[PDB]
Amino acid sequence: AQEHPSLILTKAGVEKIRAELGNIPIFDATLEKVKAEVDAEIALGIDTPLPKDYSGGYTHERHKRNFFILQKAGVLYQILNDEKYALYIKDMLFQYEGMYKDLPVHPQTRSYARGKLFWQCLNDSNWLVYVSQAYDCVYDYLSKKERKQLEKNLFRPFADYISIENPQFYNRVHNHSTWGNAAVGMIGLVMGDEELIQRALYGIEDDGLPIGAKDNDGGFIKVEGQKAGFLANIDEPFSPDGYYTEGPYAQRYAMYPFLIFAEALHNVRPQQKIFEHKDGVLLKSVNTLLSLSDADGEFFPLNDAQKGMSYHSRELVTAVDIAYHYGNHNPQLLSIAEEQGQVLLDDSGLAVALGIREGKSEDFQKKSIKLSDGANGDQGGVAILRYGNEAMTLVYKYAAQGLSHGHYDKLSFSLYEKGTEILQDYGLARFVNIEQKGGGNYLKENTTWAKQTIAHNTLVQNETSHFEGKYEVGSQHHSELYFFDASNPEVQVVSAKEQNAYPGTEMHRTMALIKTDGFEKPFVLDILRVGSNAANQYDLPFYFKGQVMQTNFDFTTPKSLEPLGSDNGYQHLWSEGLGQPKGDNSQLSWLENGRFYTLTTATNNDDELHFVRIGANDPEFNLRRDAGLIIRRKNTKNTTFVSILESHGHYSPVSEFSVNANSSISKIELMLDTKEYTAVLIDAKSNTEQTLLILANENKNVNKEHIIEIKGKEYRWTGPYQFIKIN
């Protein structure tokens, strides 16, 4: 009784596509491009080489390309009704059938779960997700005898290999296991194998895995009390805001198996109600992911993330189209599809094409947003403050650990202006799929640099990373939201605390995005309040992008560059210059992509200002030679850092005009600096312009009245903060 195809491309979908071909431009353009790709591969023949290589290498790239081409051939067969596509799928499947059973585990030994076609089970699982879709498309074209042999000798052994033979890969809450569960589930659905479908949804019972078993990136395989399978992978790593705990680079990857397998489940097993699971989180998570991109569509590089990954990727084409068709037809998704310029060649892609043709498209709104972390939304979060039409974007990370790929960077932030990074989060130390760089895999410096606290724009105590850079400790902890208030577009404030990163120390960081009179643009205000039980060394880095223009302090230029320290990331920084503050406010200004920036920070006379450059202890040139300025405050117990980051003016090498190149800050001053209250006065060099930010530190309640005095003057307000103009 089951029709084929039916999981993703459906028979009713084929009919409708055919009726519309020639009058759906984005679809017609995709079809033509895909037809040319597949026809090219058909001319080259069928190559199924004996495994051997890591990423970037021939056997990896060939087997990878085969999976993409098979899924494309399948939809081409159905849409065009042209058997050359089916014959190619059939021949290729049988060539795999003739080699796969005789293969020995991948000869490369790095993976905690060595694959057969690829170095790791993750890529074997990618292959099966894509190939299942091809099989659904040729299932009726094949004879019963042919299906029986493929299922017995190719598909069933393959599905076992990436599941019951490698439970350490398959049975976790992790993007790996989501790929594995989907692979097993997609082929199960095509075949009507109820055992495999149950294994996909619920995992393996009694896996026998030992205590403390880890993956290659330092993460635990299993967590006590945690379920396995697809449904557990929806329930645990997504918050109620649709925020995926590994961060957006990983979320981007995981959306393919999440949304493909959900779509398949919706079409074949509607009683599962997969698109309702956890209050509709999968569909919601698509809007959330799109909001975690800068003005160019590039995902913010939180935790292990390669820069340049964006919503133009194949996973976001898939996610946008599926969310459009199976969700409530959000017309904002249509504008993303138009930017992508392609669609899936299936029912969901057609629906997007027709939505565009009918003039339904609306601009995707990028707004200030609060995202909770943890399954129940109580394990910290991430906040994005935006000004104007994405004119300025502040990303503040007060999240949980983030699994194996997570960084030791409680309360870090990064800053963007219209697609240009100004203060960065480093991302990963890996050149993804570039064979010549460690087989395209994680490099040693991902651990030694990238993940360490000193690499991030946040507080480092005693040259030690948050939670001593120990996964097993960090994974128990998260920062805590104090408050989020972005209702006033001119004055948006978020605040969070962290008391476990350094036991005996409390960090309370408040960030604001503020437009006020005297300034050409909004500025970022950063208040980092530190309470401790002992005198420590505190470092606060700012990793800035651009060319240094000016400072209001002197600094030394050493004749030779030495590393800043010996451990925990400090071995990777060259000491490029050492300054002493001239007064209460120190300034550093730079030029990046035609715009000037100024960092102003409240300094004491014993502060050290360290110019740094990344690149020490990097024998393979695995790290970028980016710079930073670190404020070091020695022998200090309780302290409050106060900083402003301004954007002003411009420079063009065409006109040779430099405009508004100086700061407009006259003075920043702490007026009150106690446990209960923090008050910062901001004086704008614009003649007469003064503002006062007051924070109540010990009670967040929006209806709580506060009464303080500053120089004999009473200030009275309700709620955790006030911003006032001083006249």
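One-based numbering along the sequence shown.
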Of 158-166 and 578-586, the stretch whose C-alpha atoms average the higher B-factor in the entry: 578-586
Of 208-216 and 637-645, the one with larger mean CA B-factor: 208-216
Reading the B-factor column of the entry, which of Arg314, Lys545, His407, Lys84 has the highest value at its C-alpha atom? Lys84
Highest Cα B-factor in the PDB entry belongs to which of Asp124, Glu417, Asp626, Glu362? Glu362
Which third of the chain does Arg62 land in by C-alpha B-factor: lowest, middle or highest? lowest
Based on the deposited C-alpha B factors for this chain, I'd like to know if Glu592 is in the lowest, middle or highest third. lowest
Looking at the C-alpha B-factor of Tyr677, is it in the lowest, middle or highest third of its chain? highest
Quick one: classify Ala429 as lowest, middle or highest third of the chain based on its Cα B-factor. lowest
Third of the chain, ranked by Cα B-factor, where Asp378 sits: highest
